[PDB]
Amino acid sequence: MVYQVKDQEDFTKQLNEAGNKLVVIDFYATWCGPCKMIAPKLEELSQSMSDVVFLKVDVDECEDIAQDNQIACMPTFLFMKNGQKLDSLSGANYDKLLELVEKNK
């Protein structure tokens, strides 16, 4: 499952909820082609990988979060662990997403 971050504080709840697990955050918009195209693959990955937390942020609904994270392209995948930023991936490159997961999990 990919959880939908509601707001800043809901973001920070999920982050602290995640324990020591890698968190992957998909910054997206409903109107963005590449976002729609990769979302099912992220969903599938999330159903498999129980040792990783998958989250998503709708940039139009959570404009503040998008700004806080210096988002300029969609989708942007942010990789976090224990509140720390590990990596970031701009674009819908499935192989790079898997690499980055593999590296950071």
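The numbering used is simple: start at 1 and walk along the sequence shown.
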{"property": "Higher-scoring stretch by recorded Cα B factor average, 91 to 99 or 9 to 17", "result": "9 to 17"}
{"property": "Mean Cα B-factor comparison, 39 to 47 or 72 to 80, giving the higher one as deposited", "result": "72 to 80"}
{"property": "Chain-relative CA temperature factor third for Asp26", "result": "lowest"}
{"property": "Relative C-alpha B-factor of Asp60, binned into the chain's lowest, middle or highest third", "result": "middle"}
